[PDB]
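Protein chains in written order, with the entry's author numbering: chain B, 444 to 642, 649 to 687; chain A, 444 to 642, 649 to 687.
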C-alpha cells in the first residue's frame, strides 16, 4: 500500500487477492472465472489483461487500488486445454485461447491418419468407390465430430456440376447425389446411373441421362457409348 | 521407156500397168490392193516409197523395170478413209492410214456429246448417280463400238481400292462392283451396299462393311455411323 506489481510469469494461473477486494476485468478478450475475492482463470493463451484488487467507498466517491497483477507478454500453451472448438460443423482452429474462450481463426488443414467420413458440394460418402481420388472436398476422422478441409475441387467434371437442386439423380460410391448440367457436348458423367429399367435376338436395356452425356461403361457388341439425346442405352444380342 | 517416172497426183487412185507385168510394191505401210496386172490404192494417208510394174521373161533373167510410178511427199486424206480402229475393246487414234490400214498409236480423246456407257476398275458403268464425276475413266456413245479415253483417276478412293476378286458386294448406280480393303484409319465407303437384312421390340437392320469404313447413311438416331468392326447396322427406334 499503495499499489504493487507482481511480474506475472508464464506459469501463472491462480492466487489470492488480498483483503476480499472487489476485482474487475479490462484487457483483450473475456475468459474469466472471477469469484469476488480471489480468482482462477481458464486457459489464458495469448491473453493480455490485468485486474486490480480494487476498493470503493460507498458513501464518499473514490476508488483506489492495492494490488495490480500486470502483464505484457503472451502466454504459450499450458495445461490440459483444447486448441480446436467448433462452428456449425467446421473445425476452425482456436486462434486466441482455449475451451469456451476459443476465438476463431483458420480452418484445420489435413496431415494424416485414417478417415471415416467425407463431404463434398452437398453430399457425403464413406469409401473410395466412384470418387476420382480419395480424400476430397472435406473430411473428418472417426474420433471427432467436425470436418477438416483439405481439397477444393470444382463441382464440375467438364460440363457436369454437382449442386443440390435439380435434376437427375445418380449414385457415386453408394449415395444418391443430385447433379446439374451446363453445356451440351460430349461429356462423361462421373456418377454411375440410378435405375436400370429394361423391357433371344434383339434385347435392350437402358437408363436415363442428360442431352449429350455418356456414363460408363461401354456396350459389348458396339464399344461406343450408344448415346442418343436423352437416354444412354445398353444393348445385348444372341 | 526406159524407166518412166509418174509422180502420181495428190488425188491418185486407180492403177494401170502397161504391157502385162505383175506389179511389185516397195512402200512404207501395207496398203495395196493387188489385182493381177493392175493395182488399186485405197487410202494411203501419209505414205511414201515406190511401186513398179515388174515383168518376168523366162529366157534371160534381166528383170526390166518398164513403168515405175512414184510419190515424193506424204499423201493427204480424201474420201472413205476411216482413221479410227480398236483392239479387242480399245480404240486408238489411227496415226497414219485408213480402212484396213490402221497403224494405230496414240489414244482417242473426249470433247463432249451424248454418252451411255463408261468403264472403270473391272466393271462397266451406266448411270451418273455414284462415281465422283460423270463421265470418268473411259466412255463411249451409243453409235460407236468401242470406248475413247478422257480421265484416269486411280482405282483408289480414300483408303479403299476397287478391284475384281471379292470380297464384298457393294453397288454403284445399277452395277455391282467388287471391292477390297487396304488400311485401318477411318475412311468413307464410296459405294452403297447390296443386301439389307433385319433381325416391335427392338427393330434393326445390318449389312457388311470393313474394319472402319461406313456405308451411307447414318441413322438419324445415334446420329453417327455405328459399327462393330465387321458390320454396319440400322435401327428403327420409334
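Ideal Cβ placement from N, Cα and C applies to all residues, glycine included.
Is there a C-beta anywhere in chain B that falls below 8 Å from the one on residue i?
i	result
residue 535 of chain A	no
residue 651 of chain A	yes
residue 670 of chain A	yes
residue 595 of chain A	no
residue 642 of chain A	yes
To which residues of the same chain is residue i closer than 7 Å at the C-beta, ignoring the five residues directly before and after it?
i	result
residue 667 of chain A	673, 674
residue 459 of chain B	481
residue 572 of chain A	616
residue 664 of chain A	632, 635, 636, 656, 658, 681
residue 508 of chain A	446, 495, 497
residue 514 of chain B	451, 491, 492, 493
residue 519 of chain A	453
residue 444 of chain B	509
residue 577 of chain B	571
residue 687 of chain B	649, 650
residue 594 of chain A	579, 580
residue 517 of chain A	489, 490, 491
residue 461 of chain B	496, 509, 510
residue 626 of chain B	602
residue 645 of chain B	No atoms are given for residue 645 of chain B, which sits in the stretch of chain B between 642 and 649 that the model skips.
Kindly give me the distance between the Cβ atoms of residue i and residue j, rounded to whole angstroms, as I take these residues to be in contact under 8 Å.
i	j	result
residue 559 of chain A	residue 611 of chain A	The Cβ separation is near 28 Å, so there is no contact.
residue 469 of chain A	residue 494 of chain A	7 Å
residue 605 of chain B	residue 564 of chain B	4 Å
residue 554 of chain A	residue 511 of chain A	That pair is no contact at about 44 Å.
residue 549 of chain A	residue 538 of chain A	7 Å
residue 562 of chain A	residue 540 of chain A	About 27 Å; that fails the 8 Å criterion.
residue 671 of chain A	residue 676 of chain B	7 Å
residue 589 of chain B	residue 679 of chain B	Not confirmed; about 41 Å, so no contact.
residue 568 of chain A	residue 618 of chain A	6 Å
residue 483 of chain A	residue 455 of chain A	Going by Cβ atoms, the distance from residue 483 of chain A to residue 455 of chain A rounds to 10 Å, so no, they are not a contact pair.
Taking 8 Å as the threshold (beta carbon to beta carbon), is residue i in contact with chain A?
i	result
residue 632 of chain B	no
residue 655 of chain B	no
residue 673 of chain B	yes
residue 676 of chain B	yes
What are the partner residues of residue i, as DSSP defines its beta bridges?
i	result
residue 642 of chain A	DSSP, once it has assigned bridges, lists no residue as partnering residue 642 of chain A.
residue 683 of chain B	B/654
residue 623 of chain B	B/604
residue 482 of chain A	A/477
residue 610 of chain A	A/622
residue 511 of chain A	A/495
residue 630 of chain B	B/662
residue 444 of chain A	Per DSSP, none; premise fails for residue 444 of chain A.
residue 533 of chain B	B/530, B/590
residue 449 of chain A	A/512
residue 724 of chain B	Nothing about residue 724 of chain B can be reported from this structure: the residues present for chain B run from 444 to 687 only.
residue 599 of chain A	A/604
For residue i, which residues from the same chain have a beta carbon less than 8 Å from its beta carbon, with the 5 sequence-adjacent residues on both sides left out?
i	result
residue 556 of chain A	584
residue 647 of chain A	Any structural detail on residue 647 of chain A is unavailable, because chain A resumes at 649 straight after 642.
residue 630 of chain B	600, 601, 602, 603, 661, 662, 663
residue 683 of chain B	639, 653, 654, 655, 656, 668, 675
residue 596 of chain A	575, 579, 580
residue 506 of chain A	497, 498, 499
residue 609 of chain B	621, 623
residue 641 of chain B	653, 654, 655
residue 582 of chain B	553, 558, 560, 561, 562, 590, 591, 593
Grab me the residues of residue i's own chain with a C-beta within less than 6 Å of its C-beta, minus the 5 sequence neighbours each way, in chain order.
i	result
residue 652 of chain A	685
residue 463 of chain A	480
residue 633 of chain A	600
residue 492 of chain A	469, 470, 471
residue 767 of chain B	One cannot answer for residue 767 of chain B here, as it falls past the ends of chain B, which runs 444 to 687.
residue 614 of chain B	635
residue 551 of chain A	534, 536, 591, 592
residue 467 of chain A	495, 497
residue 587 of chain A	none
residue 525 of chain B	542
residue 607 of chain A	565, 621
residue 598 of chain B	564, 604, 605
Using a beta-carbon distance below 8 Å, is residue i in contact with chain C?
i	result
residue 662 of chain A	As a matter of chain content, chain C is missing from the structure shown, whose protein chains are B and A.
**Asked** Counting pairs of Cβ atoms below 8 Å between the segment 471-482 of chain B and the segment 538-551 of chain B, do you hit three or more?
**Response** yes
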